[PDB]
Each structure stands twice: as C-alpha cells, then as structure tokens.
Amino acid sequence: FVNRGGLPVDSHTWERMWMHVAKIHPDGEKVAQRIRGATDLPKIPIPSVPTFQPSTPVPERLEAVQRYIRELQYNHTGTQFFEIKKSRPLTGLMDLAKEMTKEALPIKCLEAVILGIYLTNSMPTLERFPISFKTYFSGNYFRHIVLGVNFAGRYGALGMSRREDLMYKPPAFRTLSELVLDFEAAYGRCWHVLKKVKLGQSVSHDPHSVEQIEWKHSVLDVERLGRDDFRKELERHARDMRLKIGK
C-alpha cells in the first residue's frame, strides 16, 4: 500500500491504512481502537539531519548517516508514505529525500537508498551506487536494495532492512566482489538463496542533476554465471564505475 498523494495523509488513504492493519494484525481492530484518537501517545522527536565537520573522516560521517536512517525506523505499518518513481530525474528524487527529512516518517529500503544519496552528496570522494539483491526462500522470490559505497578503494553499504546484516557495511571490503559475497553469505545464513544482483552506475553528487539513476547497469544471474565469472563481472562493474565521474 503506497500513499500516492503527499502529506498530511488523506482521509481515504488514512482509513485504508487502518483497514489494512485490521487484516494483518491478529488483534487488528483492537490495535486501532487503542491508538486512533489517543491523547496520551508518545511525542516522537524529529531526528536531526547530521552535518559534518571537514576534519571528520568520511567513514565516521557514514556512521552518522546510517544512524540517522535507522532513527526514522523501518516502516512496518503496511503503508508506504512516500511514492518513489525510480526513473525520476535525480533532482526530483533529491526533493523527495529532503521532504523525507522534514516529515520524518518510517521508511523502507528504496527510500533509504534515496536518503543515503541525499546525505552523502557532500562527500565527492565517496562513490555511491545502488545494489539490488533477488533471493529465493520457501518457493518465493524477494528483492532487497542497498546503497553500495566506495571510499579510498574500500567498499561498504548503507541502507535499511528488516535484518541487521542486510544493510550497513563499513567501507572495509577491498573489492566489490567481497562486498557482494558478504551479502550472499548473510542471506545463506537465513536460508535465502541469492539468485540475481543488479548494480547501478555511480550517482552524481549534484542534487540538481537531471540525470536518472541507472539501477541496472550490470545484471548478474548468480547461478548461471558460476563463481569465477561472477567475480570477473563484479570487477568489471567496479572499473566501469571508476570511469564514470560525477559530482
């Protein structure tokens, strides 16, 4: 369920959110009856957007960016509060990122990617690029996206997920392949088989850029490739990104 018309949430989408809750939760209407109109609810502090001293090393800045993303909370309400159109020009997506910092609602993985780009445009020596993972568990396919990053030749990731090992990686992996294989192993530990990886090109650091994010610059079919061809394909993506300069 996606809120397809800004904030405040309109009466129709608001009721649909509560209707949807009543389906999911075993005591779904007991939950609404206790929350809706309640006058004693916690005040939620608006998280402060982190700002960085120039003497602060970038990896320490990334920790603060990821902390801020987590503070918004993963969205378990069943209703997505921001519409993300993935082919929107970057400048429109950055307007959306800013709106997300001003409204401060829970988010999921794709919103966190956009936010990660917005909060690291101030770091021109940081390379940012989306990584999407398609996995398989119990006869079903699952998609997850993170923001891959590269600082001083080391690879890491920012993002949001239900699982702690499927989001933040400090920029410590020497190669892109090592980063991706770290995700594949984390998936295997929770019984998901990794089927595809889709890697985007690096994203411009200009928040007024009209260019689109290219999400699928490399699409890798994991088991059709085999391990050596899989690594070589990732090395090639790493070189392609090095040669696309943008800020």
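In this text, residue numbers run from 1 along the sequence as written.
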Tell me which of 47 to 55 and 218 to 226 has the higher mean C-alpha B-factor in the deposited entry. 218 to 226
Return whichever of 141 to 149 and 159 to 167 has the greater mean Cα B factor according to the PDB record. 159 to 167
Looking at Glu60, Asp27, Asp182, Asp206, which one carries the largest C-alpha B-factor according to the PDB entry? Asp27
Looking at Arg70, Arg34, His192, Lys196, which one carries the largest C-alpha B-factor according to the PDB entry? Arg34
Pull the Cα B-factor of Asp95 out of the PDB entry and bin it into the chain's lowest, middle or highest third. middle
So where's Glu111 on the chain's Cα temperature factor ranking, which third? lowest
Assert third(CA B-factor, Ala186) within chain per record equals middle
Relative C-alpha B-factor of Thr39, binned into the chain's lowest, middle or highest third: highest
